[PDB]
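Every heavy atom of this structure was used, including side-chain atoms; hydrogens, water molecules and symmetry mates were not. A note on names: the letters A, B, ... follow the listed sequences, proteins ahead of strands, and every chain is numbered from 1.
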Amino acid sequence: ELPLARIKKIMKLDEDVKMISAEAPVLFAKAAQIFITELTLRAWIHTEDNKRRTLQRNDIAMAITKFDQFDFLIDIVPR
Amino acid sequence: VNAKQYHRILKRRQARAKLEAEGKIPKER
Amino acid sequence: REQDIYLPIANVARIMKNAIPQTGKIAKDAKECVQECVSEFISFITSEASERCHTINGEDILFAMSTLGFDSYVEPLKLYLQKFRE
């Protein structure tokens, strides 16, 4: 599914990254899918805990603080 | 904080500051 | 333009919907949030892969993923790239 061209653009936001191999965006497309999946499932835990069927930004903020693998997102979605 | 990510988190703070200091990403959105 | 720094909202949303029960809903704001997280995820790994040697290649990204605590992603990703190129 996800658009390779757009993944490349995001990678190319960094001044240092100049040349990217063609495979690299393919890997990211799948990796981003796996990552969205686990983040979303962890967020959903808190959605249910607040007796909602609608996942909200604070659920993601909470799930970020509960998993050391998501430490890099603390600045992005502060609890 | 995750010992694996600590250094790279600091670097990305600085990279985000730079793109901001330009106009390639916003402060908030 | 947002089209220049984020994945398309509907595409991000489709992946999220698959992750929650059919009965579930996702707020616009949460779709937008994941949109932001996924861009950071790409940039985080990329930045590490950039400092793997010295072209950023698939091997660089895989190592960075291992370095930064996403080791669980490596085998699935290698299996994916395999199917992809075959």
To the nearest 0.5 Å, tell me how far [X] [atom1] sits from [Y] [atom2].
X: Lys28(C); Y: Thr54(A); atom1: NZ; atom2: OG1; value: 15.0 Å
X: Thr46(C); Y: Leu13(A); atom1: OG1; atom2: CG; value: 9.5 Å
X: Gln35(C); Y: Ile36(A); atom1: CD; atom2: CD1; value: 9.5 Å
X: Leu27(A); Y: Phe84(C); atom1: CG; atom2: CZ; value: 10.0 Å
X: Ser50(C); Y: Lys18(A); atom1: OG; atom2: NZ; value: 11.5 Å
X: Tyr73(C); Y: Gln69(A); atom1: OH; atom2: CD; value: 5.0 Å

Against chain A, label [X] side chain, backbone, both or neither, depending on which of its atoms sit under 4.5 Å from a heavy atom there.
X: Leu81(C); answer: side chain
X: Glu51(C); answer: neither
X: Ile61(C); answer: side chain

- Item | Minimum heavy-atom distance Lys25(C)-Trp44(A), with the two atoms named | O-CZ3, 4.3 Å

- Can you tell which part of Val26(A) gets under 4.5 Å to a heavy atom of chain C, answering side chain, backbone, both or neither? both

For each of [options], tally heavy-atom pairs with chain A at distances under 4.5 Å, and name the one with the top tally.
options: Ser47(C), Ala19(C), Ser72(C); value: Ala19(C)
options: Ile26(C), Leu68(C), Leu77(C), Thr23(C); value: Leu77(C)
options: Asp4(C), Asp29(C), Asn57(C), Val34(C); value: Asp29(C)
options: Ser43(C), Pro76(C), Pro8(C); value: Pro8(C)
options: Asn11(C), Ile5(C), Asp60(C); value: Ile5(C)

- Message: Going by salt bridge (charged side-chain N to carboxylate O under 4.0 Å, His left out), name the pairs with one or both residues in residues 77-86 of chain C, residues two or more places apart or in two chains.
- Response: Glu75(C)-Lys78(C)

Quick check for you: among [options], which has the greatest number of heavy-atom pairs under 4.5 Å with chain C?
options: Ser21(A), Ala32(A), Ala22(A), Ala61(A); result: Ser21(A)
options: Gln33(A), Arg53(A), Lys9(A), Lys12(A); result: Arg53(A)
options: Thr37(A), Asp16(A), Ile60(A); result: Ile60(A)
options: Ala24(A), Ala43(A), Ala31(A); result: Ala31(A)

Are the side chains of [X] and [Y] in touch, meaning some heavy atoms are under 4.5 Å apart?
X: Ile64(A); Y: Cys37(C); result: yes
X: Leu41(A); Y: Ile20(C); result: no
X: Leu7(C); Y: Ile10(A); result: yes

- Yes or no on side chain to side chain contact (heavy atoms under 4.5 Å, CB included) for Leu73(A) and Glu40(C), after CA distance, side-chain angles and deciding distance? CA-CA 7 Å; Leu73(A) 293 166; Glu40(C) 181 61 36; 4.0 Å; yes

- Query: Does the pair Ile15(C) and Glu1(A) meet the rule for a side chain to side chain contact (heavy atoms under 4.5 Å, CB included), with working shown?
  - Reply: CA-CA 10 Å; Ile15(C) 296 158; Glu1(A) 67 292 0; 3.9 Å; yes

- Task: For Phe63(C), look at atom CZ and say whether over 12 heavy atoms of other residues, nucleotides or ligands are found less than 6.0 Å away.
- Result: no

- Can you establish whether the number of heavy atoms outside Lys8(A) located under 6.0 Å from its atom NZ is more than 12? no

- Note on the structure: Across all chains, not counting sequence neighbours, the ring pair (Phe, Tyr, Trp, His ring centres under 6.0 Å) partners of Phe67(A) are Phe70(A)

- How are the rings of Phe35(A) and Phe41(C) set relative to one another: parallel (under 30°), tilted (30 to 60°) or perpendicular (over 60°)? parallel

- Query: Are any side-chain N or O atoms of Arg6(A) and backbone N or O atoms of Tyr6(C), one a donor and one an acceptor, separated by less than 3.5 Å?
  - Reply: yes

